[PDB]
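Student: Before I ask anything, let me first share the structure, which is written out below as structure tokens.
The structure is reproduced here in structure tokens:
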């Protein structure tokens, strides 16, 4: 029945956003709630932000 | 009212990237007031230059591989995001890079425009392995501010949609790191009055003094709305 | 620089002592930048008897 078949391969670049699921290796799960601006992130005395 | 304005004292440019800036005298409590408010603007609002568009001949998309090249096209794009460029006159410049032979392609191999300064000429862009391999590309550098992703730029204009132009992230914002320390001033016999030492770490160019001027400018422009309009 | 300035929108003077003030629009992060800087001067630095 099938005379010819055309296969398209699409590529997609997906960046992290709220609702994506992240975890460590100690069975600590979590869902991203918010992406904070770098200005708002807790930072140390040296100036380097978390 | 015992009004007392600070004055820019020392600009210790330890490196073109790293600079310390001491600031005195500041009345008690204004050290942290100005320190933090400035830090926030300095991280976000600051303008700079970044690669917005790339066009390599014989490249249809960023996921393909070019022959005679160690790096995949994506790897190359990521290197151009980190390319340090100063544009003096125009806000938009297209630089051309034609290079061949068995060489790690550096930033110096780009044909420099009259008013376009490559701040880190040794910056790696691509590794040519085959001697017969030649690479030719047009790097579009625009001036802007903050972080403008290609995903937010592929859903606005797009009147001309030329197959070959690759859109990638370009963090225009020059400021990499900033921290403000507060130490004793020991001026006349005031004692309490301290000093504002702001340690900045930026990419190429944006001048430390110039950046502080712009940051304070943006702050004072916003204060117009609370002074002029009540 | 595409300087986006805020405009004083509402002054709800609930009493001569208490007043609410809405302010918009402010570019991202300028809410806390202006918010806190002002709060500090308003508390420690406003002079009186």
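Protein chains in written order, with UniProt numbering: chain D, 1045 to 1094; chain G, 6 to 235; chain Y, 6 to 54.
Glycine included, C-beta positions come from ideal geometry on N, C-alpha and C.
For residue 208(G), count neighbouring C-beta atoms within 10 Å of its own C-beta (all shown protein chains included) and say buried if the count is 16 or more, exposed if not.
Tutor: buried
Student: Who are the Cβ neighbours of residue 105(G) in its own chain at under 6 Å, not counting the five residues just before and after it?
Tutor: 139
Student: Restricting to Cα atoms, I'd like to know which of 136(G), 131(G), 133(G), 90(G) is closest to residue 119(G).
Tutor: 90(G)
Student: If you check the beta carbons only, do residue 14(Y) and residue 27(Y) fall under 8 Å apart?
Tutor: yes
Student: Within the 8 Å Cβ cut-off, does residue 147(G) reach chain Y?
Tutor: no
Student: Could you check if residue 185(G) is buried or exposed, using at least 16 other CB atoms within 10 Å of its CB as the buried criterion?
Tutor: Flag for residue 185(G) reads buried.
Student: Give me the Cβ distance between residue 51(G) and residue 180(G), rounded to the nearest whole Å; I'm assuming they're in contact under 8 Å.
Tutor: 5 Å
Student: In this structure, how does DSSP classify residue 229(G) when only helix, strand and coil are distinguished?
Tutor: Correct three-state label for residue 229(G): helix.
Student: Which bits of chain D does residue 42(G) rub up against, with CB to CB less than 7 Å?
Tutor: Contacts between residue 42(G) and chain D, judged by CB atoms closer than 7 Å, are missing: the closest CB pair is about 10 Å apart.
Student: Would you report the Cα separation of residue 216(G) and residue 7(Y), rounded to the nearest angstrom?
Tutor: 16 Å
Student: Would you mind reading off the limits of the beta strand (DSSP E) that contains residue 204(G)?
Tutor: 199-207
Student: Measure the beta-carbon distance from residue 170(G) to residue 58(G) and round it to whole angstroms, keeping in mind my assumption that it falls under 8 Å.
Tutor: 5 Å
Student: Given that residue 6(Y) touches chain G, what residues does it touch there, using C-beta distances under 7 Å?
Tutor: Near residue 6(Y) (Cβ distances below 7 Å), the residues of chain G are 52.
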